[PDB]
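Enquirer:
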Amino acid sequence: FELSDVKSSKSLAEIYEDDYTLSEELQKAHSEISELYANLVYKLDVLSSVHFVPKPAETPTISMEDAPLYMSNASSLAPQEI
Amino acid sequence: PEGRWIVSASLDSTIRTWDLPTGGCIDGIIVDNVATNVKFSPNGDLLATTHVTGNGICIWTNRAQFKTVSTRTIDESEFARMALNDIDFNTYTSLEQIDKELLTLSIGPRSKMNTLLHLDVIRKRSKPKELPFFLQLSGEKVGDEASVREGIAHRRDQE
Amino acid sequence: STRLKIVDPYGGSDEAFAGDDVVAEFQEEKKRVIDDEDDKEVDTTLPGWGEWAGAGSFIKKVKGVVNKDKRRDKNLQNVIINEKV
Amino acid sequence: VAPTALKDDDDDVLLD
Amino acid sequence: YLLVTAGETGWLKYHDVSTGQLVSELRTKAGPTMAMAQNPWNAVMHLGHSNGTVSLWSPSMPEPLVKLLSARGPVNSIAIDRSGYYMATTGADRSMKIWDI
Amino acid sequence: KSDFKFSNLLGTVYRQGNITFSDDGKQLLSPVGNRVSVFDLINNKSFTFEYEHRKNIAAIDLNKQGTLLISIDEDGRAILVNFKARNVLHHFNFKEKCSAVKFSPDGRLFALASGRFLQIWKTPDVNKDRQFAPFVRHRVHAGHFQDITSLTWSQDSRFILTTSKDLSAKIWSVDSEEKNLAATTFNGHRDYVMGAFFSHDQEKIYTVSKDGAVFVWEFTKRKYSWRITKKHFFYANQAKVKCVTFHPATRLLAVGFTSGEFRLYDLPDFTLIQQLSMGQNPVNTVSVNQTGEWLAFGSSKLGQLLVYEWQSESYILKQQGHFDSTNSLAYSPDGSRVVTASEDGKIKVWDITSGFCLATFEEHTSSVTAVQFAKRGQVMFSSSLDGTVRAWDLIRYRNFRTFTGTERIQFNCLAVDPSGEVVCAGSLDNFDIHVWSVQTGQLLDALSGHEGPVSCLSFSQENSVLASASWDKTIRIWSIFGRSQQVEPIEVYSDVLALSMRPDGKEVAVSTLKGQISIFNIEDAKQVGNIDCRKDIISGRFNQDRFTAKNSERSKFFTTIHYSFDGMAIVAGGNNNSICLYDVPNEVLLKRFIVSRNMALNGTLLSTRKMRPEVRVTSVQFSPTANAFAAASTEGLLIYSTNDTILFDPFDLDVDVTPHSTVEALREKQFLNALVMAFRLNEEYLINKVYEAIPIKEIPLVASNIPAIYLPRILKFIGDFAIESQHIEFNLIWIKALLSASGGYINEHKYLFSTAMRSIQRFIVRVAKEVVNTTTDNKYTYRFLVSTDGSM
Amino acid sequence: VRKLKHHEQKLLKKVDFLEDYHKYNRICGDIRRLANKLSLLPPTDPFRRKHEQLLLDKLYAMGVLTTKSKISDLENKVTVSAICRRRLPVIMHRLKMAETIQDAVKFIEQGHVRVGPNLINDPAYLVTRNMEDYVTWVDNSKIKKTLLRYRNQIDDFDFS
Amino acid sequence: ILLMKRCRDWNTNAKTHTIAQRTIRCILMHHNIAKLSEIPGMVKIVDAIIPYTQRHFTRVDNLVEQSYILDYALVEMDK
Amino acid sequence: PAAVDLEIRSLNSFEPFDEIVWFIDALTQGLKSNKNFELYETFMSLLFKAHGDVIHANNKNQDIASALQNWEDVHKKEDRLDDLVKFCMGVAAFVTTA
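Protein chains in written order, with full-length UniProt numbering: chain A, 398 to 418, 426 to 461, 470 to 479, 481 to 495; chain B, 595 to 677, 702 to 748, 756 to 778, 786 to 791; chain C, 726 to 739, 757 to 799, 808 to 835; chain D, 2 to 8, 37 to 45; chain E, 203 to 303; chain F, 2 to 223, 245 to 627, 670 to 856; chain G, 2 to 19, 42 to 183; chain H, 737 to 815; chain I, 842 to 939.
Take a look at the structure:
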């Protein structure tokens, strides 16, 4: 856990403003880590695959995939779980 | 190809289609030149015939492959002079209700009933996925811990 | 015109223009370029240095790249010359 | 007409 | 010794063959470049766009030296005489204009 | 001894092209790669057309009459097919890439967008006999200077709007003397024009650009000319307008942007009815229903197809295809569902009747190699290339257990005990078969015994022996259950690839590299038959090949084999363009099927890999209903079924047997003779006639007197008929009468009636119980409301 | 262009514009960047440790790493020569099936080689570590007959 | 509230559930369901009991159905 | 399926509850016809889901009870199916197993 030793670009109103309104940057690392590996895996896979390997791939969103719609979350719980 | 019909050519200059299930002639033709050969296509949509005259091969289109054909027996006397509908078309439609006392379901898909019973949860699961200048901050955040010690200390706003 | 006539086995048996007001658009840019490039009289009045300011109750010339009256494109219709560049 | 052609106001001020 | 390209991206790429390096990247902001031409006299590029305005472009210079619209329709082609005095264009609305640079 | 025909393609709802709504609005036509798939939205059914293009489909369109469907591939080759009869009518080659095809609303004419040219042609007449050269070109229009993005028809079949990349929208007249009416070019847009449409009155013309601008054109005095009276803009931050459609009657505009989101707008007020996102991938196609209440969207990268009811904000269809090739398939024991696995590592459960995906599982990190059901069918088991075997329940849709090796051994094959308490998985790197306890999840032991990688595993359904086969040129039979364990190794000529085990559990068939299907007696451990398959297999020379197909040896073996439930046939598939159906007792090829006819697929006919898609079948199984078999392949899950039954296959037929005589027997009230004679003819229409003409009183008398030979057929006929029939109570009464009279006989011969009994059990379970459950809960819900005291 | 003279060389420089392992260089570099990013992430969070371990296992399955390794070794052990060694004609040469790398390419092109159950026509294929001992000749190779003809072990029941 | 804490408890065991249901049957027939809904702590005890009753419903009906065997014994005997 | 359920939720829930009583009579007629038996069963289920509290509160009313009672004079008859289905899958389970 580290301290900033340079002038805080935010003035007191802004940091108090920030206070009124585990880490995002840490997940931004995880995402770009994940993006590289999918690129590494695909590139090497086509070298090492006999058979075709395809390339891996505001507003509210509809989900392409749904993991049945009629089934209810309550109905998916066992009596001992409840 | 379906194994149901036989088409035969004879020296009397006629082509006859015979429906094997009923064992009767269903269509009759009179060819100007006797057809020496008769052959069906593997798909059955075409029929090839050769005749005593002509160096080519006559090709016919099987209309039965496009629409049903009545299997009523052909008139023998009428053909010579030229020279139950469901059974007739080889089909059956299930009756709406065989007997009144005996239960019958609706004429439609069986997933309809499940959709009706669980229509509510389908709606919920089918929903799509989702400052003031005088800011009023007080307490330990602003450094008056004395206020916290001495005891002095938005859902409707969402409403 | 505007319909190709092909004589082939399968065929051959047997203009107006509408567009946006571009001149109105181009004239607009000519007013924008001339405005940016002419000299600007910036009001350097600081409201309240020597008087009460509130509910109850000095201008500077800035040199431009070219004066609006000295522009080359002036008197040239259908041309905007960008003097700053 | 184009060549391609074929061939009360209820006021909102209400007493409370 | 410089190559110029025009695209619907609007980005003008200026590449020198000898140095093997791209001199500058500039977006016209006039939209896709249907017409492209070069003036031998001053080596100043000529481009045509949907508005029909023709923007003169230079490697050194950031923003267009002159902008002029000969025709209401898009200019599909730009030609410049050998001397560089005269410049001719074709608008998409059938209208021709002969200009002097 | 049954005729299998391609029926539908599962794992695939949309690849590319334009999706079109049927005129009635109850069906949606979605082009699927090299074929076209039709989804019956109201009936929740689906089918895929049998006709096949040379290459992937590019554009399709159905006429308003609903009788002619035109499909054009990427080279411009068109196939005209009768929609009602599902038969190809004519083939025509336009000799140019066709961006879009659309019928006239009158239906006489259809317009084709070819590069910079609009071609207008005359529609062939369906009623007329097969015409030799039916295509005649009405005209061809050449006004644009860049490619045509799309075209639109006027409601009166008199004018056409075409949008091109020239930043212009151009109007034509279909009729020559009306050329002066509409010969205008609309300009002003700043980027490619995506769509140009008419208002319902046709007075107003709306044009949209890829940049996101909508222009409203009106004929007005400045003497009268078209002018842009109003301008609307889509303020998408970076998303570009890519696909657009307009419904003049209700004034709805559905625009799909490249960011993967779409907007529903009302014109001319530009009111945003709704904004909603399909994902991060560009929405390839958008279509509107005839009534205008259902909107269909789809994209190619992952293969989306949805039907959106903007009125009620409800989803008529939301269906997905595998991004990768499906590696393995498993039928539910009753055959109601089929589970498919892909190289992605995600499992999907599919309903045979609906053809739609109920659920998807993504727990597996890497490709799933094998999938199998337990004998009960309540549990589902899968092994993946991530190094785990996972346990799934299809009742609550949860992963209730996961199995993994000590050193994360790489699994390729799996098997589940009929009792559902032991699991064995196999690896290409470890040479030993890991065993787990389903209840505990612990490693019971590891079955060593191969020099080679285990290629496949299977447990006997009845006897519970394990047969393991490997590249060690041998097969071993493991009697794990019992106090003492015994292993019986049997040597084979070449490396074994696939193993199928007889349902009786008395015989096992194995496929080798040499192209031989050898059957061995498990109890005797001796070979009983051999089948040669090298010559029957069809393998196409790859474009990259430098040696001939006949001299090639790439794939003349079958990497997957499975028995028929009757036990007299095997379906075999491999890395080739052929499925071969053989017969065991005689060792002969029954029929062969061509997997694909796409020329893009490689096998149909220094640091960079010359690597392209190849036609191959990963797995094959028989339907437990004994009426269809599905083959897992690259394009998807191909299902071949015997449902059509146009063939005439009489049994014990004599001269006195005739359809008229059968009806005469009914008129004479001789039901038993009529039923027997009808079965002898083996006609579905006749047996159905006799079947429903029997009075309820005479059923028990008839059931007691049915000959034994006809008993398995009638039980089979009731099961398949009853699943979709509305006469629940008759079909049961016959089941009661047949069972009561012949209950002992079926028990004596369980195998003979195995498939038929299962079909009956499907009807009494998969529809009948659900009906009574809805009846009984209401009965109990009622008794509370009346007996209980109401509130104060 | 023609060779510039001495003074021409001084006046103008770097005017010469206008086996390849660039793809392998990209892979080796792409691995190195990935290892660096994993190091940037803290030492305690579990995600990368699963991942870097997965990278160690994924590379090891090929043969680019002859033995199990640590991440700090992946940055330097990975080299273009390692991926070239995994290339099929190179493996054939080490297995001595082909006398020379050029020779092995022709045999692969002509279709006399099988890696497990499947024939591979692409010389650029890299054989993973678990497939490298099932690389062998197709059963009906005319040359595989020659193998057995001199040694006089040609058994024709096997058709080889 | 005390009683149903026990019925929730007895219901979990398949040997003692039969007692639990009948006591609940008396309660609902001899009390105001509106008043039960109001009492605090009810709905959570009401929550835990529903799944076990449904499990007992999947059973018993199977035992009802397994009894149709002897019907086959009788009809076989009648032959 | 959407259209029906909207109608079922809508039905008036004020005294004299004529619409609810009328709806019960309609489906009670439907069961007598012995056609569309499953559908009429689901419509009835949706009624208790949407108005079961309304039905429960005023169960003493004579209009509701009489129409409510007549439904069992029909619905009680359609219990033969229950005995029938419970026969088939057991002996089928026995026959296929033993």
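Cβ atoms here follow ideal geometry from the backbone N, Cα and C, with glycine treated the same way.
Please decide whether residue 801 of chain H counts as near chain I, where near means a Cβ-Cβ distance under 7 Å.
Expert: As a working note, residue 801 of chain H is residue 65 in the eighth sequence. Closer than 7 Å: yes.
Enquirer: Short check: CB of residue 818 of chain F to CB of residue 784 of chain F, under 7 Å?
Expert: One-based indexing of the sixth sequence puts residue 818 of chain F at position 754. One-based indexing of the sixth sequence puts residue 784 of chain F at position 720. Not in contact: residue 818 of chain F and residue 784 of chain F (Cβ atoms no closer than 7 Å).
Enquirer: Going along chain C, which residues have a C-beta under 8 Å from residue 556 of chain F?
Expert: On the sixth sequence, position 534 is the one that residue 556 of chain F refers to. Under the 8 Å cutoff, chain C gives no residues; its nearest Cβ is about 47 Å from residue 556 of chain F.
Enquirer: Quick one: any contact between the stretch 707-718 of chain B and the stretch 282-301 of chain F, if contact means 3 or more CB pairs under 8 Å?
Expert: Taking 8 Å as the limit for Cβ pairs, the verdict is that the stretch 282-301 of chain F does not touch the stretch 707-718 of chain B.
Enquirer: What does the alpha-carbon distance come out to for the pair residue 158 of chain F and residue 214 of chain E?
Expert: Position 157 of the sixth sequence holds residue 158 of chain F. Position 12 of the fifth sequence holds residue 214 of chain E. Their Cα atoms are separated by approximately 45 Å.
Enquirer: By a C-beta neighbour count over all protein chains shown, 10 Å radius and 16 as the cutoff for buried, is residue 185 of chain E buried or exposed?
Expert: What the structure shows of chain E is the stretch from 203 to 303, and residue 185 of chain E is not part of that stretch, so it cannot be assessed.
Enquirer: Mind checking who residue 476 of chain F pairs with in its DSSP beta bridge?
Expert: Against the sixth sequence, residue 476 of chain F aligns to sequence position 454. F/492, per the DSSP bridge assignment.
Enquirer: How about residue 778 of chain B: is its Cβ closer than 6 Å to a heavy atom in the ligand MG?
Expert: Among the components of this structure there are no ligands whatsoever, and the ligand MG is therefore not found.
Enquirer: For residue 926 of chain I, would you say it is in contact with chain F, using Cβ-to-Cβ distances shorter than 7 Å as the test?
Expert: What you label residue 926 of chain I is simply residue 85 of the ninth sequence in a count that begins at 1. So, interface residue.
Enquirer: Let's test the definition: count the other Cβ atoms within 10 Å of the Cβ of residue 819 of chain C and tell me whether it reaches 16, buried, or not, exposed.
Expert: For the purposes of this step, residue 819 of chain C is identified with residue 69 of the third sequence, where counting begins at 1. Looking at its Cβ environment, which holds fewer than 16 other Cβ atoms inside 10 Å, residue 819 of chain C is exposed.
Enquirer: So the beta strand (DSSP E) residue 74 of chain G belongs to, where does it begin and stop?
Expert: The residue labelled residue 74 of chain G in the question sits at position 51 within the seventh sequence. Residue 74 of chain G -> not in any beta strand (DSSP E); alpha helix (DSSP H) instead, spanning 69-83.
Enquirer: Taking the beta strand (DSSP E) that residue 595 of chain F belongs to, which residues open and close that run?
Expert: If you number the sixth sequence from 1, residue 595 of chain F lands on position 573. That run of the beta strand (DSSP E) goes 591-595.
Enquirer: So, for residue 781 of chain F: in the same chain, excluding its five sequence neighbours on each side, which residues have a beta-carbon less than 7 Å away from its beta-carbon?
Expert: Numbered from 1 along the sixth sequence, position 717 holds the residue referred to as residue 781 of chain F. Result list for residue 781 of chain F: 751, in chain order.
Enquirer: Helix or strand or just coil, what does DSSP make of residue 851 of chain C?
Expert: An answer regarding residue 851 of chain C cannot be provided, because it is not within the stretch 726 to 835 covered by chain C.
Enquirer: Does residue 219 of chain E get closer than 7 Å to chain G when you measure Cβ to Cβ?
Expert: As a position in the fifth sequence, residue 219 of chain E is number 17, starting the count at 1. Yes - at least one Cβ of chain G is within 7 Å of the one on residue 219 of chain E.
Enquirer: Buried or exposed for residue 487 of chain A, going by 16 or more other Cβ atoms inside 10 Å?
Expert: Position 74 of the first sequence, counting from 1, holds the residue named residue 487 of chain A. It counts as exposed.
Enquirer: Using a Cβ-Cβ cut-off of 7 Å, state whether residue 495 of chain A counts as contacting chain H.
Expert: Residue numbering aside, residue 495 of chain A sits at position 82 when the first sequence is read from its first letter. Residue 495 of chain A counts as touching chain H.
Enquirer: Checking contacts by CB at 7 Å: is residue 414 of chain A closer than that to chain F?
Expert: Residue 414 of chain A sits at position 17 when you count from the first residue of the first sequence. It does not: the Cβ of residue 414 of chain A has no partner Cβ on chain F nearer than 7 Å.
Enquirer: Name the one or two DSSP bridge partners that residue 614 of chain F has.
Expert: Taking the sixth sequence and counting its residues from 1, the one referred to as residue 614 of chain F is at position 592. Paired residue(s): F/602.
Enquirer: What is the rounded straight-line gap between the Cα of residue 694 of chain F and the Cα of residue 98 of chain F?
Expert: Reading the sixth sequence from its first residue, position 630 is the one you call residue 694 of chain F. Reading the sixth sequence from its first residue, position 97 is the one you call residue 98 of chain F. Whole-angstrom Cα-Cα distance: 34 Å.
Enquirer: Which word fits residue 235 of chain E, buried or exposed, when buried means at least 16 other C-beta atoms lie within 10 angstroms of its C-beta?
Expert: The sequence position of residue 235 of chain E within the fifth sequence is 33, counting from 1. Buried, because 16 or more other Cβ atoms sit within 10 Å of the Cβ of residue 235 of chain E.
Enquirer: Residues in the stretch 189-219 of chain F with C-beta within 7 Å of chain D's C-beta atoms, listed in sequence order?
Expert: Within the stretch 189-219 of chain F, the residues whose Cβ lies closer than 7 Å to some Cβ of chain D are 202, 203 and 204, listed in chain order.
Enquirer: For residue 319 of chain F, report the span of its beta strand (DSSP E) as first-last.
Expert: Looking up residue 319 of chain F in the sixth sequence gives position 297. Note, residue 319 of chain F: beta strand (DSSP E), 316-320.
Enquirer: For residue 724 of chain B, decide whether its Cβ has a neighbour in chain I, counting only Cβ atoms nearer than 7 Å.
Expert: As a working note, residue 724 of chain B is residue 106 in the second sequence. Yes, its Cβ sits closer than 7 Å to a Cβ of chain I.
Enquirer: Using the C-alpha atoms, what's the distance from residue 340 of chain F back to residue 100 of chain F?
Expert: The residue given as residue 100 of chain F occupies position 99 in the sixth sequence. The residue given as residue 340 of chain F occupies position 318 in the sixth sequence. Rounded to whole angstroms, residue 100 of chain F to residue 340 of chain F spans 26 Å at the Cα level.
Enquirer: Chain C beta carbons: is any one of them nearer than 7 Å to that of residue 265 of chain E?
Expert: In the fifth sequence, residue 265 of chain E corresponds to position 63, counting from 1. True, the Cβ-Cβ gap to chain C drops below 7 Å.
Enquirer: Could you spell out where the alpha helix (DSSP H) holding residue 105 of chain G opens and where it closes?
Expert: The residue you call residue 105 of chain G lines up with position 82 of the seventh sequence. Element bounds for residue 105 of chain G: 103-108.
Enquirer: What residue ranges within the UniProt repeat "WD 9" (385-424) of chain F form continuous beta strand (DSSP E) runs of no fewer than 3 residues, ordered along the chain?
Expert: Runs of the beta strand (DSSP E) inside the UniProt repeat "WD 9" (385-424) of chain F: 390-395, 401-406 and 410-415.
Enquirer: Closer than 8 Å, Cβ to any Cβ of chain C: which residues of the stretch 266-277 of chain E, in chain order?
Expert: Within the stretch 266-277 of chain E, the qualifying residues are 266, 267, 268, 269, 270, 271, 272, 274 and 275.
Enquirer: What is the DSSP secondary structure of residue 547 of chain F, reduced to helix, strand or coil?
Expert: Counted from its first residue, the sixth sequence places residue 547 of chain F at position 525. Coil.
Enquirer: Along chain H, in chain order, which residues have C-beta atoms closer than 9 Å to that of residue 460 of chain A?
Expert: For the purposes of this step, residue 460 of chain A is identified with residue 56 of the first sequence, where counting begins at 1. Going along chain H, no residue has its Cβ under 9 Å from residue 460 of chain A, so there is no contact; the nearest lies around 42 Å.
Enquirer: Using CA coordinates, which residue listed in F/711, F/778, F/769 and F/731 is at the minimum distance from residue 743 of chain F?
Expert: Working through the sixth sequence from its first residue, we reach residue 743 of chain F at position 679. Minimum Cα distance to residue 743 of chain F is reached at F/778.
Enquirer: Going by other Cβ atoms of all chains shown within 10 Å of its Cβ, with 16 needed for buried, is residue 166 of chain F buried or exposed?
Expert: What you label residue 166 of chain F is simply residue 165 of the sixth sequence in a count that begins at 1. By the neighbour-count rule (16 or more Cβ atoms within 10 Å), residue 166 of chain F is buried.
Enquirer: Identify the contact partners of residue 804 of chain H in chain I, using a Cβ-Cβ distance below 9 Å as the criterion.
Expert: As a first step, residue 804 of chain H must be located in the eighth sequence, where it is residue number 68. Within chain I, the residues near residue 804 of chain H are 924, 927, 928, 929, 930, 931, 932 and 935.
Enquirer: Locate the alpha helix (DSSP H) running through residue 743 of chain H, then write down its first and last residues.
Expert: Working through the eighth sequence from its first residue, we reach residue 743 of chain H at position 7. Here the alpha helix (DSSP H) through residue 743 of chain H covers 738-748.
Enquirer: What residues in its chain sit with their C-beta under 6 Å from that of residue 618 of chain F, if we drop five residues either side in the sequence?
Expert: If you number the sixth sequence from 1, residue 618 of chain F lands on position 596. Answer for residue 618 of chain F: 626 and 679, listed in chain order.
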